[PDB]
Every structure is written in structure tokens, then in C-alpha cells.
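One chain comes next, on its own, written as C-alpha cells: the form deposited in one PDB entry.
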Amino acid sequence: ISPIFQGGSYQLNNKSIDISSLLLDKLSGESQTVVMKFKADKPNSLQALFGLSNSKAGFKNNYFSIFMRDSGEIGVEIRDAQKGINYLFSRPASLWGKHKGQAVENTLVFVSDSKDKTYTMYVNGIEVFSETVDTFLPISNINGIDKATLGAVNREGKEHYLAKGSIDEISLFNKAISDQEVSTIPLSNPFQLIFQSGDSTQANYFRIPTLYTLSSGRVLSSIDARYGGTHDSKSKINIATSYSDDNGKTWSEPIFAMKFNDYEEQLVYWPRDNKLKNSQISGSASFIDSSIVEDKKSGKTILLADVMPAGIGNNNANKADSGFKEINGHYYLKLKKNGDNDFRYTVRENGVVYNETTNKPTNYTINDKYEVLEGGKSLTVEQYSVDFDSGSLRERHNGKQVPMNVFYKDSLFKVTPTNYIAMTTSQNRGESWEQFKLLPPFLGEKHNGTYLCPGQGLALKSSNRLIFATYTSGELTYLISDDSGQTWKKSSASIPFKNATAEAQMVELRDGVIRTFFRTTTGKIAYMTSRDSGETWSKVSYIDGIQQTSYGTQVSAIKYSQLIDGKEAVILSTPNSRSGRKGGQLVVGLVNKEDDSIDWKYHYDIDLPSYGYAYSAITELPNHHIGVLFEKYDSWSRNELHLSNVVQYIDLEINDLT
């Protein structure tokens, strides 16, 4: 239905625009919708886009405002001192600033619903908050409202929260429009979603994107589908995949590459308040940090990820235990049975559960899905679900039976509580995935598994060699296969770091010459070089010209297929910031053929230096465009946890970058 007010092309240049006479006497009833299309590519630190206020002496705290911050945060205030109400609702990382050098038109829809007593904010087609209150306050029923303002809030006659930006369209309605109606408002988004809340994964959150271009032209993506908010393991996390057959324009409904079922796939709104935001699913098994590669010989797609048994993450993983027993140079998965104090069992060939104390097989076998069988019969456990109904996190049996898995909390036989690496493969380029297999230990019986570097593995162009980077304390540990991922060996490369999250990604500069770029603890991205297809590695150097935080962020990297300025080119994707995970860039490097040094010549700013940018994935699309799927928020910040739909995809051309 019709707007009660519609206006457009307002410039906000640190000077508010009064629209009181046009708008105020049109406001009626207690439910309102505001639709606003606006740009702000050089915002002030904190600025209001729209205000309704009592501008009179003594009523400073009687106003409604829609505001934003230069962090990309959006929100509203709804205040009335006489009613003793001061509502503030917001969500960080909700905005775009610029795309390809041009200011992005954001589409904001705020719904104020008196019947449901609920305030709801959408930006660019994404619901960023929905808040129900006991005492509802209609936005134009604030005591003494006498001003409607764009680009500030009028308090006691003065301009507060002055904005820099533009409002190209603003409309208001004397109605709380439905979610359906909202879905019909046209958008001008510079991005698309591949994985999103409410899709087939039923995870409300995602982290750790990957992208890889397959030989058929299909582009494949993997990701952590994270259920218990955005926390790393321990949690419930599955690995999901989606592909595009039209150069990234459209993407398939996701399927799982790796999943556990000890806990239900629940789409949950994780609390963001300071008291509860660190609530963590503590009894679920999970997968985390995936990586993809394609094998020329078999044609298979290979996907690796870390695996965590129930309640396990990096923080509490048994270090100094691989979880395997070594026997005659062969490694067998250890198991502990209900009631025992030690691990007295192993998993041998054909999944036979073997008793180590009495050196004989049992009537138990482990199938191909790491599920427990007794006499060929499937054992089961009861599934858990989570809720916050009690006012805090509970994990409780839900009445459903699922196959009993050795990675589960309720299992008869349980693996060592430490981290593993698993592998799965697809024979149809991402349409389905095999049951996962555990990789063996590479650094000994009594060393925990290395940590997979999320992103792409490396398929050497002139041989059948496949390489996956991993890391542990003191080194990068490259996993190398020459037989389609059937057998792996390691190649250790010392780095001058203890306890670094040394997430590494590789590019082949030329045949047999690999440069690996990796995260460090120094505030600088490091690199090392191999010239024998990964057998040996150079000492470590650093890139100047890009800054990271002390704790660092994953960097993604590819070798571009086409020459640029007549030179071989590498493209890096990373935040460029010493302060947080923000200031996303693609950095184009040109290779110097005389020494393989790289001149970082072009820096492309993905969005504003202050807008969030964290883990990232890049790939050269079949049409030579660049696809970027990235965390568009600060995934380190304790203030930006548990945000929906912030992993986003964009398409760029090389000319945009240069």
C-alpha cells in the first residue's frame, strides 16, 4: 500500500535536512515502516540517517533515530524520558560502503510493529535484528515530537550525530509491512549469498569459505556450517558445499561434505549479550576448517577438514597424542570402551575392533561411517538438541535415535579426545561426497594431528602431485600425494614461530616452483618457496606493504592465468589493517622472472578500510573474472559474534583491480 511520505536525492553533507512539515502530520497509528536507500562511502564515526525528535529544552532524550557507525554497524534508538524507555537495537557489520570504487546503494527496511510489539531491521535483504518488547513504544508516539530530520537528530535545537552521505530514496508507511512484502522491495546489492540462514544446512551461521575452479568449469565452494553461533570447535559444525555452473551467477542448494548427527541440525538464534554470548555447544562432535583440490588423473574432487570428537576443540584437545597406536609401522585408531579408564582397543583392517589387552578381535566392528556395529547390527544413541528456554544453554536428549559413532559423547567406544584430519572425495564434482576417511598421523604416535590450512590445496600443473598445507608448532607440514589422495607423506618446513596459527596457501609461480603465503604472529604475511614441487622449502621472508594484526588472519592466493602488464601475476586476498580484521584488499603482484621476487603493484580495496573483512577465498572463474567469497565482518572481535549472512560473494574483473 501507498507511502504516507516519499522523497529522494537528499545530500547529507554534515548538515541536517528538515522534513517536519512534509512528514510529521502524515504519521498516524502505532505501526510504521521506513524504507530508505542510502549511500555512505565516507561516513562519520557515528551518524544518524533519520530522526524524529522532541527538539525542545529538557527533552534531549525523547527521540527515534536510525543510525550507523563507520564500522558498518546499523541500529535504532527509541527514547522517551516520560515513559522511562531507552531502547537501542543494532547489529555490527550490516552495511556496504563501496564496490568497484563506487558508493553502494544500501536498502534499509525498518519495521515497527505495535501488534506484535516487535522492531525489525533489514539491510540489503538481510534481517539484521528482530526485537520483541514487553512495553512497546511507537516511533511517533514519543512525547512532544516536533521534528523530522534527515542526517542528524535535533536535540534541544542542535544538530546531533551529523551525517555524511546521501539518501537517494526514503519512504514511510503507516503500516508494519509483512516479511513477504519486504521480500518484494528491489535491492541494489553488490554481493550475493551462496550459503545463508535458513538454507538446506539449517545452520544460522557460517565461517571459513573456500572456492575452487574445477576443470569442467564448475566452481565449487566449501564452508563451515556452524550451528552454535560462530564459535570455533568445540561446537556443532558440519562442512557444506555448493557449486556454480554459470561463472558464479547462481549456486546450488548446499549439501554436506562432512556431517555428524549426534546433535540435531538446528537453526538457532545465538544470544549476543555479554552474559550469554560465550555459550558454547559442549557435547557435540564437529568438523572445522576445510580445503579443496581437484585431481587431474582420477578426475575426483578431494576435500579435507579437521575432525573433533564430542566436546573437543583446539583449546582442550589432547596435545601429545595422535589418537592412533603404531604397530609395525602401521597406525590404528585407538578406542576406549564404556567403563574403562584407558584405551584398550584399536580399529584394524575391515573395521575389526581389536582388544589390545587380550590381543584378540571382539564382536564389534567399525563401519565406513565410523559407526559401531555389534555382530553386524547397528548400535544407536539418542540425539541431542539445544535450547535457551531455561535462560541459559541446555543440551538435552530429543527422543531420536541415530547410528552410534565413535566420535560421539554417548558412544560405547570413543576415540581419543584430540584433533584429527579427515578426507572425503566426490566423483561427480560436488553432487555427493563419500564417507570421510581419517588421515594417518604424520609426526608420530605421541604428536597430535596437524591443523589443515583452510582454502585450496594445490594441484601441480605438470604432474599428478597434490599438496595440502597444514601447520603445527614450529612448522608448516605439507601433505603430499602422488596417487590421487590414496597415500600421503609429509614435507616439514621449519618456520620461526612457536604456537602460530600459520594458515598457509600456495601458488605455483611456474612448473615445480611453489610459493606459500602464510599467517604469522608478526603483523606481516610471510612466505617461503619450493623449487622441487614441495620436497624442500626455502627460509621464511615477509611481505612489506600489507599489515595484519598481531594475531593475524588467513590469506588466500591464486596464480592468475593471464599476464598483467606483460608479467606473470599472483593475487592475494587479505585484510590490510594493523588494528582489526577490516580493510579488505585484493593485492596484485607481478613476478620478476629473474629471481621470482614479486612486486606488489596494485591494491584493490574491497570496501572501506574500516568495514570488516576476515577469512577469504578467491578463485579465477572460467571467464577470467575473479570470484571472492569472504567473511564481511571482524570474525576476531568479541562484539561481532553470531552474525547472520556476513559471508558474502562478489564478482570482479582484473580491470577493477588495476
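Residue positions are given as counts along the sequence shown, with the first one as 1.
Just so it is clear, the following notes concern the form solved in complex with a small molecule, a form of the same protein that is not shown.
Is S31 near the small molecule? Define near as a heavy atom within 4.5 Å, in the deposited complex. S31 lies outside the contact set for the small molecule.
Any non-hydrogen atom of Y527 within 4.5 angstroms of the small molecule in the deposited complex: Heavy-atom contact with the small molecule at 4.5 Å: absent for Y527.
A459: heavy atom within 4.5 Å of the small molecule in the deposited complex? Yes, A459 lies within 4.5 Å of the small molecule in the deposited complex.
Heavy atom to heavy atom, is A40 within 4.5 Å of the small molecule in the deposited complex? It does not: once the small molecule is placed as it appears in the deposited complex, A40 has no heavy atom within 4.5 Å of it.
Since exactly one of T213, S244, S481, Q585 fits, which has a heavy atom within 4.5 Å of the small molecule in the deposited complex? Result of the distance check: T213.
Answer with one of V111, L172, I558, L108: the residue that has a non-hydrogen atom within 4.5 Å of the small molecule in the deposited complex. If I apply the 4.5 Å criterion carefully, the residue I get is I558.
Stretch in contact in the deposited complex with the small molecule, which is absent here, among 585-593, 620-628, 31-39, 46-54 (heavy atoms within 4.5 Å): Going through the listed ranges, the match is 620-628.
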